[PDB]
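Because the Cβ atoms are built from the backbone with ideal geometry, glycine has one as well, and the counts that use them run over all protein chains shown. Computed from the coordinates by the stated procedures, all read-outs in this text should not be read as laboratory data.
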Protein chains: 2
Amino acid sequence: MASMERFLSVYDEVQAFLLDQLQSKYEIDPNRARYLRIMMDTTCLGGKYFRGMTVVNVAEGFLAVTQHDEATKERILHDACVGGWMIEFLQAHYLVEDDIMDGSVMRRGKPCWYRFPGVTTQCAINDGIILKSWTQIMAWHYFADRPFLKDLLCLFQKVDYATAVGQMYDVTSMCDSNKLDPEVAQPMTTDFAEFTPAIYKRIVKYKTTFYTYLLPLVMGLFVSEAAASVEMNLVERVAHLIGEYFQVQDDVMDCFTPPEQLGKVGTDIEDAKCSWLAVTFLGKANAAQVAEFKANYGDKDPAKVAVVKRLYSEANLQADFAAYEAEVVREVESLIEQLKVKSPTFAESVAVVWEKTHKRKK
Amino acid sequence: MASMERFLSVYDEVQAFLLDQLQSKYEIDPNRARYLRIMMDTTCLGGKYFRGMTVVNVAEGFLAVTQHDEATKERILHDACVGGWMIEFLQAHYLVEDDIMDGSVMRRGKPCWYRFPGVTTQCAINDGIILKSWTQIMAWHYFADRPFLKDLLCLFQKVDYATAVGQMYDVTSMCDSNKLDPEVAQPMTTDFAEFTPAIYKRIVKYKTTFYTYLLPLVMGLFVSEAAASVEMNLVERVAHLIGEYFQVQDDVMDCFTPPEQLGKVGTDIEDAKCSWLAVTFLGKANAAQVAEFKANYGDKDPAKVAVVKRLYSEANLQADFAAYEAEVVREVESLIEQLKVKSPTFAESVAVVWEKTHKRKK
Ligand SMILES: O=P(O)(O)C(O)(Cn1ccnc1)P(=O)(O)O
Ligand SMILES: O=P(O)(O)C(O)(Cn1ccnc1)P(=O)(O)O
Ligand SMILES: C=C(C)CCOP(=O)(O)OP(=O)(O)O
Ligand SMILES: C=C(C)CCOP(=O)(O)OP(=O)(O)O
Ligand SMILES: [Mg+2]
Ligand SMILES: [Mg+2]
Ligand SMILES: [Mg+2]
Ligand SMILES: [Mg+2]
Ligand SMILES: [Mg+2]
Ligand SMILES: [Mg+2]
């Protein structure tokens with residue numbers, strides 16, 4: 001896509017600025033500058049750029065209906081690309097740390113960053129921290145004199161905190177809340193009582209929906225100066241809805257999508273994750289099915305994982321996803337219609353975003 | 001100390017606000033709220049609070065010479081305490097991740113956070129990320145309407161980036177720059193050619209001096225509105241000088257100070273760290289001494305570590321530290337005199353800070 005390649009050309013500008021700054025202000029050597037360049041490329045590139053291209057899309061919509069000088073149009077489009085890369089870099093930060101915590105093997109067709117022989121977990125923790133730090137370097141440099149700077153930084157902080165809190169919920173989802181204790185080693189749940197739709201929704205809300213949909217949509221509004229033209233409560237509600245759906249897709253693919261086309265290998269069953277599939281399974285399974293689930297879930301053994309996948313296949317969870325998808329379509333369609341009242345162009349942006357999310361196969 | 005207990009009372013206010021916010025806005029359960037409370041206490045408390053009490057000290061100095069209403073004095077002191085805890089929380093973030101990267105056992109008399117049975121490395125990475133995130137939650141809430149907010153957030157970002165870049169230099173200091181490659185596993189240096197005073201100074205500058213001394217001193221200036229009353233170039237120069245000295249102390253204690261009084265166990269020799277002792281050793285050792293160093297450094301073997309410690313003891317590095325200390329005293333004394341020209345009260349603050357740093361035994 002031509003639009004996506006212009007977005008990538010801004011990445012090259014950002015990379016050039018960040019690496020020249022390390023050279024000029026941080027006394028870096030060429031070899032460590034090379035390392036961070038490879039680090040930036042491996043962690044930030046290779047994806048679909050859904051979050052980044054959302055910011056551009058929202059801004060392009062308002063540009064079509066609002067009067068600007070040609071140079072102002074160039075300013076806003078460049079702002080949208082920079083703001084888009086802030087989110088892609090923020091995602092990169094979370095992806096790097098997430099892979100370590102989940103013990104993942106590959107990220108978009110390549111080994112996870114920490115799996116690289118010359119990286120290891122030791123370097124990867126700090127590399128992830130650097131990635132988040134770059135987002136702030138970007139904002140202060142590029143959006144220095146911009147009126148949206150204060151609001152952008154404030155939202156970015158809240159969204160980032162929400163994700164970190166969300167990851168906390170996710171990484172401790174396979175153990176009982178009442179047994180949580182830093183002093184005593186955490187045993188895996190036996191009753192799976194916290195594997196409920198309500199608890200699943202809490203985890204997903206904070207761990208993905210804030211940075212995956214809320215941030216890109218409001219970012220595009222900030223760079224367009226069009227936050228007043230929308231009802232924010234609707235933006236929150238529609239972002240959390242498509243965001244949840246996005247993670248449900250992710251949960252299904254973790255189990256049923258082959259790694260060659262997915263770009264990752266699944267670990268949810270092995271990690272005993274509170275995924276959509278496990279929650280939906282326990283929401284329809286009979287007594288014996290539950291007992292077989294309890295005897296095989298949360299183990300690295302290929303034979304035990306195979307039993308869990310078999311249980312999912314026999315429990316017809318494909319019909320449950322279709323029923324869930326049909327409901328999401330209803331509610332997203334409803335919210336897009338509500339968004340048309342004050343901003344039809346933003347409602348169209350959400351419609352495009354939803355279409356891409358709904359149709360995705362990776 | 002009475003002053004230190006009033007500083008700790010603000011921590012309780014901050015902890016109450018952060019935990020009530022998780023309850024009211026982030027849908028947290030009491031058990032996970034308890035976990036993060038223990039996490040906050042274990043990672044932020046138990047230290048000397050040098051960085052935190054520096055902010056208070058700088059502010060107290062200006063309060064003694066400037067006219068304010070009684071309520072304004074209460075405002076500034078509370079600001080100084082909150083700004084002080086932002087740094088203590090920022091240090092906590094770096095301490096949590098640093099211990100994982102260095103494979104450390106104890107932090108201030110207690111097991112490192114990741115060593116806790118109910119924590120592990122998996123949870124600790126995110127806990128550290130949460131700690132940094134809390135610093136921004138603090139700033140936006142407490143310093144919302146303050147005129148120094150923009151400058152505080154901008155400096156905090158630069159200081160944080162500098163530290164992360166510094167940790168990168170530190171964690172890769174035992175391998176050759178020209179051999180750095182994410183694709184190929186990193187072998188330890190054989191010539192130790194990058195163990196120079198100049199390279200040591202670069203690492204220390206970025207990994208500690210920015211957040212340990214620069215940030216607390218300027219933070220106290222921001223809350224006092226007294227940044228104009230100082231020459232910033234002097235503040236930079238004096239903070240990087242005492243900061244370097246502070247890390248040299250840390251390097252010496254890692255080897256020669258017993259864990260019972262230090263609160264940590266040393267790992268520098270085992271990790272093959274570019275510490276002051278190793279650099280100073282290679283700067284005076286004869287051919288045979290170097291060869292024995294090369295055959296024993298960077299190994300977990302107690303016998304090999306013992307040989308390295310013996311080499312340090314025989315090379316009389318105590319006389320080298322005394323010679324280094326005497327030079328630092330000269331240059332710190334010089335800079336404090338230069339600070340008296342525009343702000344004598346800030347110069348006194350630095351003198352107190354230096355006295356505490358110079359006299360410290362842990
Ligand atoms: O399933 P996860 O949440 O770990 C994941 O979606 C990443 N992630 C982490 C937080 N939100 C999303 P991925 O499967 O991509 O590893
Ligand atoms: O020696 P390090 O740099 O690892 C240390 O001083 C922590 N640190 C990390 C960066 N700056 C300081 P500590 O010995 O306290 O573990
Ligand atoms: C489910 C989440 C939020 C993590 C994966 O997100 P993406 O599917 O956007 O990953 P990339 O395309 O960026 O690799
Ligand atoms: C050398 C550095 C910068 C890490 C230790 O700092 P401190 O000696 O201040 O650690 P605490 O007292 O805060 O535990
Ligand atoms: Mg994962
Ligand atoms: Mg995960
Ligand atoms: Mg997943
Ligand atoms: Mg350490
Ligand atoms: Mg260290
Ligand atoms: Mg040390």
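Structure notes:
- Output for the stretch B:176-189, where each listed residue is of a type outside the set (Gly, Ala, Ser) and within 9 Å of chain A (Cβ to nearest Cβ): B:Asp176, B:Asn178, B:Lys179, B:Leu180, B:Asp181, B:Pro182, B:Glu183, B:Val184, B:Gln186
- Meets criteria (surrounded by fewer than 21 Cβ atoms within 10 Å (Cβ to Cβ) and away from chain A (no Cβ under 11 Å)) for B:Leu90: no
- Selection from the stretch A:236-247 of residues that are away from chain B (no Cβ under 14 Å) and either more than 12 Å from the chain's Cα centre (by Cα) or away from ligand 1 (no atom under 12 Å from the Cβ) (or both): A:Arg237, A:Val238, A:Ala239, A:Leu241, A:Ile242, A:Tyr245
- Residues being within 16 Å of ligand 3 (Cβ to nearest atom), more than 9 Å from chain B (Cβ to nearest Cβ) and in contact with an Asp or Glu (Cβ under 9 Å, 6 or more places away or on another chain) - total across the stretch A:115-133: 1
- Among the numbered conditions (1) touching a residue at least 60 places away in the same chain (Cβ under 8 Å); (2) surrounded by fewer than 22 Cβ atoms within 10 Å (Cβ to Cβ), the only one that A:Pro117 does not meet is (1).
Residue-by-condition table, conditions (1) without any contact (Cβ under 8 Å) to a residue 12 or more places away in the chain; (2) over 26 Å from A:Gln136 (Cα atoms):
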residue: B:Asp127; (1), (2): no, no
residue: B:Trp134; (1), (2): no, no
residue: B:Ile137; (1), (2): no, no
residue: B:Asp151; (1), (2): no, no
residue: B:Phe156; (1), (2): no, no
residue: B:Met168; (1), (2): yes, no
residue: B:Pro182; (1), (2): yes, no
residue: B:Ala185; (1), (2): yes, yes
residue: B:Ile199; (1), (2): no, yes
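- Complete set of residues in the stretch A:9-32 that are hydrophobic (A, V, I, L, M, F, W, C) and surrounded by fewer than 16 Cβ atoms within 10 Å (Cβ to Cβ): A:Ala16, A:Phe17
- The helices (runs of 4 or more DSSP H) found wholly in the stretch A:1-72 and carrying at least 3 residues that are within 13 Å of chain B (Cβ to nearest Cβ) occupy A:2-25, A:30-44.
- Scope the stretch A:176-195; condition surrounded by fewer than 17 Cβ atoms within 10 Å (Cβ to Cβ) and over 21 Å from B:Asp41 (Cβ atoms); matching residues: A:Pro187, A:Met188, A:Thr190, A:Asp191, A:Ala193
- Meets criteria (away from chain A (no Cβ under 14 Å), surrounded by fewer than 23 Cβ atoms within 10 Å (Cβ to Cβ) and more than 16 Å from the chain's Cα centre (by Cα)) for B:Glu260: yes
- Looking at B:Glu270, B:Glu292, just one residue is under 26 Å from the mean Cα position of the chain (by Cα), of a type in the set (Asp, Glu) and either more than 16 Å from ligand 9 (Cβ to nearest atom) or within 14 Å of chain A (Cβ to nearest Cβ) (or both), and that residue is B:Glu270.
- When each of B:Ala272, B:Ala198, B:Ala287 is tested for being small (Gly, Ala, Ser), more than 13 Å from ligand 10 (Cβ to nearest atom) and buried (at least 18 other Cβ atoms within 10 Å of the Cβ), the lone residue that passes is B:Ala272.
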